[PDB]
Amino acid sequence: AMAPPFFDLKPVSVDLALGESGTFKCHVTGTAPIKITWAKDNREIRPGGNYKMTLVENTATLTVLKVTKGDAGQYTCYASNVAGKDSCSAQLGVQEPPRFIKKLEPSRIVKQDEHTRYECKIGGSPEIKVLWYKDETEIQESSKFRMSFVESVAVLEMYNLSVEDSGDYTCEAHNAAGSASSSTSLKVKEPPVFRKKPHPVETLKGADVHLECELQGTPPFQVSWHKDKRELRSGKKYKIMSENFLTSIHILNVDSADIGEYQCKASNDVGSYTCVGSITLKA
């Protein structure tokens, strides 16, 4: 019997993370008793579920106890008395944590100097922030490590790869509601290279002679020696040493057939290379 309800403090819209809780608050004036009801997308909110209503001296609150995706929607507080009615509304948005729709593959071997590209697809509520890590350290954007995140697709492209780039790479995504990650292992290998052509080695008939090639690259290597289209093998005539950075052949009891060109081929997972050397004869 006189002033109708008027909400003089209206509730504030909010986004809440899955699993969290949150409260809408408003305040009403007018002739008592003012009846208060709440609705979620127009459906009357009833006690004993995920919503708790409180009303104390004309301050009305609605708490969502444990946020689920279904809780997203419009929450309206209605006030009524003999004189009239008012209502006020706020929106609840629900944030879902990031999820990898497309994960990284487990491993890769790449050759030194090459480039490689990693791509993930990540869903969940915006804004999602994506960072990449190498052996637990954040990778900084640069001409060598180019990153992007456009239309849910996260990309790391890496250039000029070197052995120190071998290790564990992680793409981690986070937002207001959580985080997720996908990891992979990279090994960068140097191909075999024989950078220096050996000088020819002169010998005498009946003597022994050593020929060697200096080798660079990521060991271990498979190594073969050849002359005149025949593979030369360790035995009574040849002693062959294949160390990580030096390959050698020791030719015993030299005769005319040993004079000429020798080839040493070295290979690993990522390349091969051939060294050519010659034995010459005195007298």
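Numbers for residues come from their place in the sequence shown, where the first is 1.
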Mean Cα B factor from the PDB record: higher for 230 to 238, or higher for 46 to 54?
46 to 54
Determine, for stretches 73 to 81 and 143 to 151, which one has the higher mean CA B-factor as deposited.
143 to 151
Residue with highest C-alpha B-factor in the PDB entry, from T31, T61, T37, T218:
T218
Lowest, middle or highest third: where is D86 by Cα B-factor in its chain?
lowest
Looking at the C-alpha B-factor of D41, is it in the lowest, middle or highest third of its chain?
lowest
Within-chain third of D165 by Cα B-factor, per the entry
middle
When the deposited Cα B-factors of this chain's modelled residues are ordered and cut into thirds, is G124 in the lowest, the middle or the highest one?
highest
Ranked C-alpha temperature factor of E202 among modelled chain residues, by third
lowest
